[PDB]
Amino acid sequence: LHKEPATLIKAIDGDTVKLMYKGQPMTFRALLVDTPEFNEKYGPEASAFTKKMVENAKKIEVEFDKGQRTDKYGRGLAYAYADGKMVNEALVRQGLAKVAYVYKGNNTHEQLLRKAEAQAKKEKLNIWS
Ligand SMILES: Cc1cn([C@H]2C[C@H](OP(=O)(O)O)[C@@H](COP(=O)(O)O)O2)c(=O)[nH]c1=O
Ligand SMILES: [Ca+2]
């Protein structure tokens, strides 16, 4: 896989963000994770965590996996990075997202993310508290 440039347009919630990619606005959905909706427990915390990460980044990148690049709602499906740090992993590591939506052929980072989830669960963080 390879990282590609994007720029922040607007934070949306814990696992979606609006980015400009190849010059076009798109809503991205983070691969392999599920944050609570804003109306659910830890939803506002997941939103704030992703907002801070993408707003403070000097450099955002997206990395597509090997499979589907957009979902049925037209959202981009990618791993998002903020100054080299994976958003998807960081949410899981902090107990603000569960590993989820693991479809065959877009699952390159699945075991990296599951290792982060096991760590957050051991630490009883957030969703795992
Ligand atoms: C993360 C992800 C979601 N989706 C679809 C599955 C779910 O469909 P349904 O809307 O029919 O439940 C939805 C979950 O996204 P959200 O968690 O953003 O609601 O997005 C994919 O198709 N591919 C993916 O990789
Ligand atoms: Ca969600």
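Residues numbered from 1 in each chain as written, not as in the entry; some residues may be left out. Chains lettered and ligands numbered in written order. Heavy atoms only, no water.

As deposited, the entry is annotated with X-ray crystallography as its determination method and 1.404 Å as its resolution.

Within the PDB entry, the label attached to the protein reads Thermonuclease, and the organism entered is Staphylococcus aureus.

Some remarks on the site of ligand 1
We count it as follows: Residue proximity to a molecule or strand is established when one non-hydrogen atom of the residue lies within 4 Å of it. Each polar contact in these results corresponds to two N or O atoms within 3.5 Å; when the atoms are within protein, one needs to be able to donate a hydrogen and the other to accept it, and residues that are neighboring in sequence are counted only if both atoms are side-chain atoms. In these tables, accessible area is a Shrake-Rupley quantity obtained with a 1.4 Å probe, and a residue counts as shielded only by the protein chains included in the view. In the scheme used here, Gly and all other residues not listed as nonpolar or charged are polar, with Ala, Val, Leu, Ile, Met, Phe, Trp, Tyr, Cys and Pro taken as nonpolar and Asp, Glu, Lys and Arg as charged.
All residues adjacent to ligand 1 are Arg29, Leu31, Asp34, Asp71, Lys72, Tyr73, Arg75, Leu77, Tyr101 and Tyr103. Within the contact set of ligand 1, an oxygen atom lies 2.8 Å away from a side-chain nitrogen or oxygen of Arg29. Within the side chain of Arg75, a nitrogen or oxygen atom sits 2.8 Å from an oxygen atom of ligand 1. Compared with its free state, where it exposes 550 Å², ligand 1 has 73% of that area covered by protein. Along the lines of polarity and charge, the residues of the shell around ligand 1 split into five nonpolar, no polar and five charged.

Re the pattern of salt bridges
Put simply, the rule is: For this analysis, a salt bridge means a side-chain nitrogen from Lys or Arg found within 4 Å of a carboxyl oxygen belonging to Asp or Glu. Exposure is judged per residue with a 1.4 Å probe applied to protein chains only, and the accessible area is read against the type maximum: over 50% gives exposed, under 20% gives buried, and values in between give partly exposed. In DSSP terms, a helix is any run of H or I states spanning at least four residues, a strand is any run of E spanning at least two, and both are numbered starting from the N terminus.
Inspection of every chain in the model, using the stated rule, returns eight salt bridges. Here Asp71 ties to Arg75 by a salt bridge, and the two come within 2.8 Å at their closest N and O atoms. Residue classification places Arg75 among the partly exposed positions, given a relative accessible area of 23%. Linking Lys121 and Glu117 is a salt bridge whose minimum nitrogen-to-oxygen distance equals 3.3 Å. Separated by four residues within a single helix, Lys121 and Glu117 lie in helix α3 (residues 110-122), roughly one turn from each other. Assessed through its relative accessible area of 38%, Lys121 is described here as partly exposed. With a relative accessible area of 11%, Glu117 lands in the buried category. Salt bridges sharing partners connect three or more residues here, namely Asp15, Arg29 and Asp34.

A word on unusual backbone geometry
The phi torsion at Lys22 lies on the positive side, around 50 degrees, for a residue other than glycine. For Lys22, the location among the structural elements is in the loop between β2 (16-21) and β3 (24-30). You can call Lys22 exposed: its relative accessible area is 67%. Non-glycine residue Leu32 carries a positive phi angle of around 70 degrees. Mapped onto the fold, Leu32 is located in the loop between β3 and β4 (33-34).

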